[PDB]
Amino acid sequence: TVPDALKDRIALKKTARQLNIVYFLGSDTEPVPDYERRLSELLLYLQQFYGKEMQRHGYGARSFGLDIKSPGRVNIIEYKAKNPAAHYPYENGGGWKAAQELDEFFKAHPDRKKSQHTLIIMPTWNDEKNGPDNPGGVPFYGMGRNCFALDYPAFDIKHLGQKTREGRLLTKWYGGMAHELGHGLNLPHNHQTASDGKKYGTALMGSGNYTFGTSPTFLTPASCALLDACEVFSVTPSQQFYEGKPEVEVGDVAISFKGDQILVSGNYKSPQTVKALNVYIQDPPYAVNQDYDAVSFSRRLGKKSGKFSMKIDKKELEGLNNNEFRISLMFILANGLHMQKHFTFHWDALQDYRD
């Protein structure tokens, strides 16, 4: 009743809001056997992974909330859809269709909604391409505060780390679920620093979907700073999330280059508390699936207005190899919204930036 991988687990702070878990079934789709137990186990270990990383970065034993209905069992919403599986494929807006339909279900059942974040899980298609040994066919990506992942018969934590085909399949699809969940929890892509790579392995939001459960995987300081401001990590029930717009005035921005150091400073002002500053440094190009290389850094602010100052060591920018690079400054607000300002430089014509 408790798998070995969960015998080592920490007590977590109760949260104000919980991630919804939906097991989403096409009108013609059969559940994968034993999914309540298998998925509860995988989700609780996932909750442990995020909570231990939050703790290791100084936030205490905080993870995303889950609605737990009895020991070791997540209260998973089993949703029978209006249409057959074919109507919600990986391609062509299948994920938007499922997610819009679940909105109707949550309007019709507000008691089942515990936050604005949902992980929708669909059983693998079984056809000439996909099946138990090669799952796929369904949405598998982040979509706003929602994210999509899949289930298949060997999707079972007992295979975690085993040097077998089931174990390798698990790291692929469990790492996959972990990464897409990161997106649903307001995480962008980021790459580990050089020192963090040697200490802790692969950033989950970089290439960690290939490593989770097999070699060391972790959450960066910047990832944890965003989770710190994510609705389902809240231990503060008075705090409302995602309403309105990010309002931050950033002024007196300076970025200067001195020897090996990158100096970043400025001031900020917001009607909300500004929790933190994340900095992303990356090579071009800069699109949303071309930023696995953005090496991130983070600093605690914690005021509605003030100054920020930060020295970044150039030698930590592991993997960057372009003459051209971009520094992004990300201001994270207490209600989970954020704003970004971007700056482009060239290493062979490095120009300090002012104003």
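Sequential numbering from 1, following the sequence displayed.
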Checklist line | Mean temperature factor over C-alpha atoms, higher-scoring stretch between 305 to 313 and 44 to 52 | finding: 305 to 313
Check: Taking the recorded C-alpha temperature factors, which stretch has the higher mean, 251 to 259 or 85 to 93?
Finding: 85 to 93
Notebook entry, point to check: Looking at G244, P71, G197, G176, which has the highest Cα B-factor in the entry?
Noted result: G244
Check: Between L102, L187, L204, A225, which one tops the list for C-alpha B-factor in the PDB entry?
Finding: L102
Notebook entry, point to check: Lowest, middle or highest third of the chain for the C-alpha temperature factor of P33?
Noted result: middle
Check: Going by what the PDB entry lists, where does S234 fall on CA B-factor within its chain: lowest, middle or highest third?
Finding: middle
Next item on the list: Quick one: classify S215 as lowest, middle or highest third of the chain based on its Cα B-factor.
Entry: middle
Checklist line | Cα B factor band for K107 (lowest, middle or highest third within the chain) | finding: highest
Margin query: Where does the C-alpha B-factor of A98 rank in its chain, lowest, middle or highest third?
Written below: highest
